[PDB]
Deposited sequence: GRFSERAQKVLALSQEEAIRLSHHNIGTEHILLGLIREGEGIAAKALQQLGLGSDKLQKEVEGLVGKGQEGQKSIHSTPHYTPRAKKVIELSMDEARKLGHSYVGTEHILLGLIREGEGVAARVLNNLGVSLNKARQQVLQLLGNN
C-alpha cells in the first residue's frame, strides 16, 4: 500500500538485519529488529518503553534462530498486509511504524512473537503500549 517515510526506513532496516544474520528470508523477527533499530518512530518508542533494547532483542533473536536475494517469508508478507488494516482502523491512509508493529502483534505467530514471549511481553500488553503512545497528548 502506502508507507510513511519512517515505515520505509523500517523495511530497509528489516532487510539489512536479515542479511546481517545470514538469512535469505526476511522474517517477522527481522521486521521486529527493524522496528527497534529505526529508533525514533512510535514503534521503537513503544518497544523502548516496554524495556526492550536493540542489543537485547538482537541477542534474543540470534538465540531462537541461529544465524542470494532476500525475500519476505509468507508471515512477514502477512504482517505487512495487516499493517495496512491496522492503519486504516486508526484513521491513517499511510502505514506508519506503529502499524507495522500492530500488524506484527495481530499476526501473533512466528519468530517475532516467540521472541516477545521469551522476553515476557504479552501481545496484549504490546498493543496497549502502542495505543497508549498514540492516544498520548
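**Student:** What portions of the deposited sequence, indexed from 1, have no corresponding C-alpha atom in the structure?
**Tutor:** In sequence order, there is one gap with no modelled C-alpha: 68-76.
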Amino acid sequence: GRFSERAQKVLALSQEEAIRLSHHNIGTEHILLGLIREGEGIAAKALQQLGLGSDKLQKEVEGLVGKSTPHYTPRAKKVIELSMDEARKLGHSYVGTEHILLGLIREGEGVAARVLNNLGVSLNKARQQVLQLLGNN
From here on, numbers count along this sequence of modelled residues.
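**Student:** Which is higher on average in the deposited entry, the C-alpha temperature factors of 49-57 or of 93-101?
**Tutor:** Result of the comparison: 49-57.
**Student:** Between 5-13 and 113-121, which has the higher average C-alpha B-factor in the PDB entry?
**Tutor:** Of 113-121 and 5-13, the stretch with the higher C-alpha B-factor average is 113-121.
**Student:** Going by the CA temperature factor in the entry, name the top one among 77, 67, 37, 30.
**Tutor:** It is 67.
**Student:** Rank-wise, by C-alpha B-factor, drop residue 86 into the lowest, middle or highest third of its chain.
**Tutor:** According to the entry, residue 86 has a C-alpha B-factor in the chain's lowest third.
**Student:** Among the modelled residues of this chain, does the Cα B factor of residue 133 put it in the lowest, middle or highest third?
**Tutor:** Ranked within chain, residue 133 CA B lands in the highest tercile.
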